[PDB]
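One structure below.
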Amino acid sequence: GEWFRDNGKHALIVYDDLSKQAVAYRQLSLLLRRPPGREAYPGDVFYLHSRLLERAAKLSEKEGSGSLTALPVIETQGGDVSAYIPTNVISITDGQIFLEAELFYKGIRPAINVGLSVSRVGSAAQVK
Amino acid sequence: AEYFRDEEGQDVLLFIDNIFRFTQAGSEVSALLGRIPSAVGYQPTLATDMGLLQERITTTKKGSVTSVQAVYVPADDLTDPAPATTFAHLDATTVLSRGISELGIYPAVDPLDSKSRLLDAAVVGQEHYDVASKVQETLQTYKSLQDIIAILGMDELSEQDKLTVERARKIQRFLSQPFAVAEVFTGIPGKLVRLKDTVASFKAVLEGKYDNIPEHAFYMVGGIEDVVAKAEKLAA
Amino acid sequence: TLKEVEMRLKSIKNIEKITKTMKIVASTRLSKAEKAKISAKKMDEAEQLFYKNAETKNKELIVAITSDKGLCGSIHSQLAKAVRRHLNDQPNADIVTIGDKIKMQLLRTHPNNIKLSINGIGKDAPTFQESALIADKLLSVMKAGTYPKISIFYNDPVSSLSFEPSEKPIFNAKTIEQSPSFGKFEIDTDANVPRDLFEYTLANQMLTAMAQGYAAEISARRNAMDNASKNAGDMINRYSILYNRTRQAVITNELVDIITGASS
């Protein structure tokens, strides 16, 4: 994606999903016998996800006005929005679209839970 | 199964009961193999282990594979790492829950907590998908009001909610079915319902054309015709 | 499981707060309800003694008033059910419903066999003028001569909690003219006194029935809300127990994982 970003085009990258990447890193690190952390995840998973997340940007006109946009996906288990990986990724991301199973079965689809959802860029991104 | 698929050229039907134990085996050897324990003691390699196992169970250009896998759920807690990893691999999932089985309704499939890729109208046709949508919505509405029911009784709801709850409690039982294998366990003859009859029956129930019947008529019977027959049999 | 018990806890707690606030509100309104009941009973009882001097005796019109305000016990519907049974046992009658809850209950039992439009009254305690106006409107569309048999269906407080439906017939104007057992009473046939006494009787009986039903309804809603608070407390306690057990279990899993990590 950075090729499109740096050459003045616009690209959006979707990760489906970063939690399984973290699980793969947990396996890899544990078999390297690095010390475990919370919930047996390795001690630098935040430094993992942040390195991926920070690459999203819109470049200034000094570098051709290109942009890379990220839309990662997280599979929370049992609604544990406070879990280690969800907590870190929430701390990292600009805004969160929360999807609630209860609304989905209630026929409201695509079931975005508006009250919990947040966007920081907000009004600057919408068309007038 | 793979040799039959790739060499004989036949389509094959593969049953695996129950695949969960595979992962559990990996746990047992994990400590003696010297791995650091993963979450709740599972082996670190769980994800790629199940991958190397189950990515082999797939249709290919050389032949079709239809497979049914059943997973034991420790403590009936679906959040356990093994079933949670397993969800990613299945095209269709139908959770069985003690919540309905303890009430004695069988086969006790959870009509809310299940999914399939073929649900969309592009496959079943709109007339089927709409009935599916309204069935799920009705059951979910009943569940959402069930908390209040406990405190204010069935009389407290408005007419719309009360009628919706009546429809929901009818439907929830109408999903029950006497399996041919289950005769031993139930004394009820087995009933097999074709898909079109099922869609028609649930559309009929939602459209109010069979509203008046007591709940007991829907329980352990297949097809609306046999529901009517049981209604008459219970009236006698 | 943990989050499910948390959400159901939140729902139960919300409903319980509603129950407690409504409990205090109904407890406050009950006193004025009772005082108005006593006044109406005294007045209509004097009227009833004046009738007793006559030794009163008997499509028929039945008027039943149940407060439109919901959140009460089943009693509001139950009386509507009881009269419905009385309707079944006497198909010659005609039914009139004076309230929203009774209107809903009757609509499920006899939507079009007989029609009498009444609504919007249950927002406040009864008053003599309201009952008189409602009575004048009630017989206006169906002459009393077309309904010589009459019935009024009300609720009475068997106790602070207990409630009991009952009724008292409206003595028709034709019946008031027949002077059954009233031979000793002073009369003047030149006057409208029969019809005037009919209309006054209908107004006073409407007032008495409304007052009795209203006091019984307020008492019933208070008692029902107390029972609701009881059930809500049981609900919250049980889910709280399951809540803390589940929390300890998950924390135990986390503890075990960190313990095994450290030892290696």
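We label chains A, B, ... in the order they appear in the structure tokens, count residues from 1 in each chain, and number ligands from 1 in the order shown.
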Quiz item: Got a sec: who's within 9 Å of residue 37 in chain B, counting only C-alpha atoms, leaving out chain neighbours fewer than 6 positions off, as a VMD selection string?
Solution: (chain A and resid 30 40) or (chain B and resid 27 30 to 31 43 to 44) or (chain C and resid 257 260 to 261)
Save out the residues we just selected, C-alpha atoms, as a PDB file, in the first residue's frame.
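Saved as result.pdb:
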ATOM      1  CA  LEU A  30       6.154 -18.697  23.123  1.00  0.00           C
ATOM      2  CA  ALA A  40      -0.077 -15.345  27.829  1.00  0.00           C
TER       3      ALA A  40
ATOM      4  CA  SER B  27      -2.977 -30.139  25.156  1.00  0.00           C
ATOM      5  CA  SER B  30       1.909 -30.104  25.410  1.00  0.00           C
ATOM      6  CA  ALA B  31       3.446 -30.077  28.889  1.00  0.00           C
ATOM      7  CA  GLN B  43      -0.646 -25.688  23.551  1.00  0.00           C
ATOM      8  CA  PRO B  44       0.817 -22.650  21.756  1.00  0.00           C
TER       9      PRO B  44
ATOM     10  CA  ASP C 257      -1.701 -18.456  33.440  1.00  0.00           C
ATOM     11  CA  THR C 260       2.675 -20.928  35.009  1.00  0.00           C
ATOM     12  CA  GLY C 261       4.440 -18.174  33.088  1.00  0.00           C
TER      13      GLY C 261
END
Practice problem: Per DSSP on the backbone, filter range 84-172 of chain C down to the residues in helix (DSSP H, G or I) and report them as a ChimeraX atom specification. | Solution: /C:84-88,100-107,128-140,144-146
File dump, residues just selected, N, CA, C and O atoms, as a CSV table (one decimal), in the first residue's frame:
chain,number,residue,atom,x,y,z
C,84,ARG,N,-67.4,-9.9,31.0
C,84,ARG,CA,-67.4,-10.7,29.8
C,84,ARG,C,-68.1,-12.0,30.0
C,84,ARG,O,-69.0,-12.4,29.2
C,85,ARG,N,-67.8,-12.7,31.1
C,85,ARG,CA,-68.5,-14.0,31.4
C,85,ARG,C,-69.9,-13.7,31.6
C,85,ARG,O,-70.8,-14.4,31.1
C,86,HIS,N,-70.3,-12.6,32.4
C,86,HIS,CA,-71.6,-12.3,32.6
C,86,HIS,C,-72.3,-11.9,31.3
C,86,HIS,O,-73.5,-12.1,31.1
C,87,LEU,N,-71.5,-11.3,30.3
C,87,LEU,CA,-72.1,-11.1,29.0
C,87,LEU,C,-72.4,-12.4,28.3
C,87,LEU,O,-73.4,-12.5,27.6
C,88,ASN,N,-71.5,-13.4,28.4
C,88,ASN,CA,-71.7,-14.7,27.8
C,88,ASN,C,-72.9,-15.4,28.4
C,88,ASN,O,-73.7,-16.0,27.6
C,100,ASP,N,-59.8,2.6,29.2
C,100,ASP,CA,-58.9,2.0,28.2
C,100,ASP,C,-58.5,0.6,28.5
C,100,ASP,O,-58.5,-0.2,27.6
C,101,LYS,N,-58.2,0.3,29.8
C,101,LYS,CA,-57.8,-1.1,30.1
C,101,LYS,C,-59.0,-2.0,29.8
C,101,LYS,O,-58.8,-3.1,29.2
C,102,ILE,N,-60.2,-1.7,30.3
C,102,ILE,CA,-61.4,-2.4,30.0
C,102,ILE,C,-61.7,-2.5,28.6
C,102,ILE,O,-62.2,-3.5,28.0
C,103,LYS,N,-61.4,-1.4,27.9
C,103,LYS,CA,-61.6,-1.3,26.4
C,103,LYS,C,-60.7,-2.4,25.7
C,103,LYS,O,-61.2,-3.1,24.8
C,104,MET,N,-59.5,-2.5,26.1
C,104,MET,CA,-58.6,-3.5,25.5
C,104,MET,C,-59.0,-4.9,25.8
C,104,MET,O,-59.1,-5.8,25.0
C,105,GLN,N,-59.4,-5.1,27.1
C,105,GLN,CA,-59.9,-6.4,27.5
C,105,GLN,C,-61.2,-6.8,26.8
C,105,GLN,O,-61.3,-8.0,26.4
C,106,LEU,N,-62.1,-5.9,26.6
C,106,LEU,CA,-63.3,-6.2,25.9
C,106,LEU,C,-63.1,-6.4,24.4
C,106,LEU,O,-63.8,-7.3,23.8
C,107,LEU,N,-62.2,-5.6,23.8
C,107,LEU,CA,-62.0,-5.8,22.4
C,107,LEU,C,-61.5,-7.2,22.0
C,107,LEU,O,-61.8,-7.6,20.9
C,128,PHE,N,-68.2,14.8,40.7
C,128,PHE,CA,-69.7,14.6,40.5
C,128,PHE,C,-70.1,15.1,39.1
C,128,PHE,O,-70.9,14.5,38.4
C,129,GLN,N,-69.5,16.3,38.7
C,129,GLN,CA,-69.9,16.8,37.4
C,129,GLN,C,-69.5,15.9,36.2
C,129,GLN,O,-70.2,15.8,35.3
C,130,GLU,N,-68.3,15.3,36.3
C,130,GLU,CA,-67.9,14.4,35.3
C,130,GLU,C,-68.8,13.2,35.2
C,130,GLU,O,-69.2,12.8,34.1
C,131,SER,N,-69.2,12.6,36.3
C,131,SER,CA,-70.1,11.5,36.3
C,131,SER,C,-71.4,11.9,35.8
C,131,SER,O,-72.0,11.1,35.0
C,132,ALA,N,-71.9,13.1,36.1
C,132,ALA,CA,-73.2,13.5,35.7
C,132,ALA,C,-73.2,13.7,34.1
C,132,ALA,O,-74.1,13.3,33.4
C,133,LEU,N,-72.2,14.4,33.6
C,133,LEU,CA,-72.1,14.6,32.2
C,133,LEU,C,-72.0,13.3,31.4
C,133,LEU,O,-72.6,13.1,30.4
C,134,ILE,N,-71.1,12.4,32.0
C,134,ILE,CA,-71.0,11.1,31.3
C,134,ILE,C,-72.3,10.3,31.3
C,134,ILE,O,-72.6,9.6,30.3
C,135,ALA,N,-73.0,10.3,32.4
C,135,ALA,CA,-74.3,9.7,32.5
C,135,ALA,C,-75.3,10.3,31.4
C,135,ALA,O,-76.0,9.5,30.7
C,136,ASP,N,-75.3,11.6,31.4
C,136,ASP,CA,-76.2,12.2,30.4
C,136,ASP,C,-75.8,11.8,29.0
C,136,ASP,O,-76.7,11.6,28.1
C,137,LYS,N,-74.5,11.7,28.7
C,137,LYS,CA,-74.1,11.3,27.4
C,137,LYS,C,-74.4,9.8,27.1
C,137,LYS,O,-74.7,9.4,26.0
C,138,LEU,N,-74.4,9.0,28.2
C,138,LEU,CA,-74.5,7.5,28.0
C,138,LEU,C,-75.8,7.1,27.4
C,138,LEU,O,-75.9,6.4,26.5
C,139,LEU,N,-76.9,7.6,28.1
C,139,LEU,CA,-78.2,7.2,27.7
C,139,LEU,C,-78.8,8.0,26.5
C,139,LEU,O,-79.9,7.7,26.0
C,140,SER,N,-78.0,9.1,26.1
C,140,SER,CA,-78.5,9.9,25.0
C,140,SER,C,-78.6,9.2,23.7
C,140,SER,O,-79.6,9.4,23.0
C,144,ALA,N,-83.4,5.2,27.6
C,144,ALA,CA,-83.6,4.3,28.7
C,144,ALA,C,-84.7,3.3,28.5
C,144,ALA,O,-84.7,2.2,29.0
C,145,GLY,N,-85.7,3.7,27.7
C,145,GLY,CA,-86.8,2.9,27.4
C,145,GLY,C,-86.4,1.7,26.5
C,145,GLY,O,-87.0,0.6,26.5
C,146,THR,N,-85.3,1.9,25.7
C,146,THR,CA,-84.8,0.8,24.9
C,146,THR,C,-83.9,-0.1,25.7
C,146,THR,O,-83.5,-1.2,25.2
Quiz item: Quick one: of C:115, C:143, C:123, C:17, who's nearest to residue 69 in chain C, counting only C-alpha atoms?
Solution: C:123
Self-check item: Distance-based interface of chain A with chain B, 7 Å, counting only C-alpha atoms, as a list in words
Solution: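 Within 7 Å of chain B on chain A, we get residues 27, 30, 31, 39, 40, 77, 78, 105, 106 and 107 of chain A.
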Residues of the last selection are to be written out with N, CA and C atoms, as a CSV table (one decimal), in the first residue's frame.
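Contents of the output file out27.csv:
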chain,number,residue,atom,x,y,z
A,27,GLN,N,2.0,-17.6,19.5
A,27,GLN,CA,2.6,-18.9,19.2
A,27,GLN,C,4.1,-18.8,19.0
A,30,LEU,N,6.1,-17.7,22.1
A,30,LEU,CA,6.2,-18.7,23.1
A,30,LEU,C,7.1,-19.8,22.7
A,31,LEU,N,7.1,-20.2,21.5
A,31,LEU,CA,8.0,-21.3,21.1
A,31,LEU,C,9.4,-20.8,21.0
A,39,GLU,N,-2.5,-12.6,29.8
A,39,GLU,CA,-3.2,-13.6,29.0
A,39,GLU,C,-2.3,-14.4,28.1
A,40,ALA,N,-1.1,-14.6,28.6
A,40,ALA,CA,-0.1,-15.3,27.8
A,40,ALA,C,0.2,-14.8,26.5
A,77,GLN,N,-14.2,-11.7,21.8
A,77,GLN,CA,-14.8,-13.0,22.2
A,77,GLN,C,-15.7,-12.7,23.4
A,78,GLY,N,-16.9,-13.1,23.3
A,78,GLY,CA,-17.9,-12.9,24.4
A,78,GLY,C,-18.0,-11.4,24.8
A,105,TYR,N,-29.4,-9.7,15.5
A,105,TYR,CA,-30.5,-10.6,15.6
A,105,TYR,C,-31.9,-9.9,15.7
A,106,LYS,N,-31.9,-8.6,16.2
A,106,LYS,CA,-33.1,-7.9,16.3
A,106,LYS,C,-33.5,-7.3,15.0
A,107,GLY,N,-32.8,-7.7,13.9
A,107,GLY,CA,-33.2,-7.2,12.6
A,107,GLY,C,-32.6,-5.9,12.1
Practice problem: Point out the residue among C:258, C:206, C:197, C:33 with the least atom-to-atom distance to chain A, counting only C-alpha atoms. | Solution: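 That would be C:258, the residue with the smallest distance to chain A.
For chain C, the residues within 12 Å of chain A are residues 1, 2, 3, 4, 5, 6, 7, 250, 251, 252, 253, 254, 255, 256, 257, 258, 259, 260, 261, 262, 263 and 264 of chain C, with only C-alpha atoms used to measure distance.
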Since we have the selection now, will you write its residues out, keeping N, CA and C atoms, as a short mmCIF file (atom, residue, chain, number, x, y, z; two decimals), in the first residue's frame?
data_model
loop_
_atom_site.label_atom_id
_atom_site.label_comp_id
_atom_site.auth_asym_id
_atom_site.auth_seq_id
_atom_site.Cartn_x
_atom_site.Cartn_y
_atom_site.Cartn_z
N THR C 1 -21.05 -15.23 29.08
CA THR C 1 -21.79 -15.49 30.31
C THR C 1 -21.66 -14.33 31.28
N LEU C 2 -20.42 -13.90 31.51
CA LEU C 2 -20.17 -12.79 32.43
C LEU C 2 -20.85 -11.52 31.95
N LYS C 3 -20.65 -11.17 30.67
CA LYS C 3 -21.27 -9.97 30.14
C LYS C 3 -22.79 -10.11 30.03
N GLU C 4 -23.28 -11.31 29.75
CA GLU C 4 -24.73 -11.52 29.70
C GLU C 4 -25.36 -11.28 31.07
N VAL C 5 -24.74 -11.81 32.13
CA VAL C 5 -25.29 -11.58 33.46
C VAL C 5 -25.18 -10.10 33.81
N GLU C 6 -24.12 -9.43 33.35
CA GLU C 6 -24.01 -7.99 33.59
C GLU C 6 -25.15 -7.21 32.93
N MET C 7 -25.45 -7.53 31.67
CA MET C 7 -26.51 -6.81 30.97
C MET C 7 -27.87 -7.08 31.60
N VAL C 250 -12.97 -16.48 36.10
CA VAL C 250 -12.12 -15.93 35.05
C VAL C 250 -10.81 -15.41 35.64
N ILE C 251 -10.90 -14.75 36.80
CA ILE C 251 -9.69 -14.25 37.45
C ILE C 251 -8.79 -15.42 37.84
N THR C 252 -9.38 -16.55 38.23
CA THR C 252 -8.59 -17.73 38.54
C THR C 252 -7.84 -18.24 37.31
N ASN C 253 -8.51 -18.23 36.15
CA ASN C 253 -7.80 -18.63 34.94
C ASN C 253 -6.62 -17.71 34.67
N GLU C 254 -6.83 -16.40 34.79
CA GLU C 254 -5.73 -15.46 34.57
C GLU C 254 -4.59 -15.69 35.56
N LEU C 255 -4.94 -15.92 36.83
CA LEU C 255 -3.93 -16.17 37.85
C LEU C 255 -3.11 -17.41 37.50
N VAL C 256 -3.79 -18.48 37.08
CA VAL C 256 -3.08 -19.71 36.74
C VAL C 256 -2.13 -19.47 35.58
N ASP C 257 -2.57 -18.71 34.58
CA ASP C 257 -1.70 -18.46 33.44
C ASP C 257 -0.46 -17.67 33.84
N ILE C 258 -0.62 -16.65 34.69
CA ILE C 258 0.55 -15.88 35.10
C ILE C 258 1.46 -16.73 35.98
N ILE C 259 0.87 -17.58 36.83
CA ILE C 259 1.67 -18.44 37.70
C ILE C 259 2.52 -19.38 36.87
N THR C 260 1.92 -20.01 35.86
CA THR C 260 2.68 -20.93 35.01
C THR C 260 3.73 -20.18 34.21
N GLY C 261 3.42 -18.96 33.76
CA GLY C 261 4.44 -18.17 33.09
C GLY C 261 5.64 -17.91 33.97
N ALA C 262 5.40 -17.50 35.22
CA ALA C 262 6.50 -17.12 36.10
C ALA C 262 7.43 -18.30 36.39
N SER C 263 6.86 -19.48 36.63
CA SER C 263 7.68 -20.62 37.06
C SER C 263 8.66 -21.04 35.98
N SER C 264 8.35 -20.79 34.71
CA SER C 264 9.21 -21.21 33.62
C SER C 264 10.38 -20.24 33.42
#
Quiz prompt | Distance in Å - CA of residue 172 in chain B versus CA of residue 132 in chain B | solution =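 Answer for the CA of residue 172 in chain B to CA of residue 132 in chain B separation: 13.0 Å.
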Sorted per-residue table, chain C near chain B, closest atoms and distance, 7 Å, only C-alpha atoms, as CSV:
residue,atom,partner,partner_atom,distance
C:71,CA,B:156,CA,6.9
C:74,CA,B:155,CA,6.7
C:228,CA,B:151,CA,5.4
C:231,CA,B:151,CA,5.8
C:232,CA,B:151,CA,6.1
C:253,CA,B:40,CA,6.2
C:257,CA,B:40,CA,6.5
Go ahead and save the residues from that selection, with N, CA, C and O atoms, as a PDB file, in the first residue's frame.
ATOM      1  N   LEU C  71     -50.055  -0.332  34.209  1.00  0.00           N
ATOM      2  CA  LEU C  71     -49.107  -0.621  35.281  1.00  0.00           C
ATOM      3  C   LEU C  71     -49.782  -1.107  36.557  1.00  0.00           C
ATOM      4  O   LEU C  71     -49.097  -1.349  37.558  1.00  0.00           O
ATOM      5  N   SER C  74     -53.472  -7.262  37.449  1.00  0.00           N
ATOM      6  CA  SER C  74     -54.399  -7.811  36.466  1.00  0.00           C
ATOM      7  C   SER C  74     -55.845  -7.419  36.745  1.00  0.00           C
ATOM      8  O   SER C  74     -56.705  -7.644  35.886  1.00  0.00           O
ATOM      9  N   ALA C 228     -43.768  -6.480  42.536  1.00  0.00           N
ATOM     10  CA  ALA C 228     -42.764  -6.329  41.488  1.00  0.00           C
ATOM     11  C   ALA C 228     -41.397  -6.032  42.087  1.00  0.00           C
ATOM     12  O   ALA C 228     -40.381  -6.573  41.639  1.00  0.00           O
ATOM     13  N   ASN C 231     -39.997  -9.340  43.458  1.00  0.00           N
ATOM     14  CA  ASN C 231     -39.454 -10.214  42.421  1.00  0.00           C
ATOM     15  C   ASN C 231     -38.160  -9.647  41.845  1.00  0.00           C
ATOM     16  O   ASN C 231     -37.216 -10.396  41.559  1.00  0.00           O
ATOM     17  N   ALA C 232     -38.097  -8.324  41.667  1.00  0.00           N
ATOM     18  CA  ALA C 232     -36.886  -7.705  41.141  1.00  0.00           C
ATOM     19  C   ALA C 232     -35.712  -7.903  42.088  1.00  0.00           C
ATOM     20  O   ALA C 232     -34.582  -8.142  41.649  1.00  0.00           O
ATOM     21  N   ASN C 253      -8.505 -18.234  36.154  1.00  0.00           N
ATOM     22  CA  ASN C 253      -7.800 -18.631  34.936  1.00  0.00           C
ATOM     23  C   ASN C 253      -6.615 -17.710  34.667  1.00  0.00           C
ATOM     24  O   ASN C 253      -5.506 -18.176  34.363  1.00  0.00           O
ATOM     25  N   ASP C 257      -2.574 -18.708  34.580  1.00  0.00           N
ATOM     26  CA  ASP C 257      -1.701 -18.456  33.440  1.00  0.00           C
ATOM     27  C   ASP C 257      -0.462 -17.671  33.844  1.00  0.00           C
ATOM     28  O   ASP C 257       0.652 -18.010  33.422  1.00  0.00           O
TER      29      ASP C 257
END
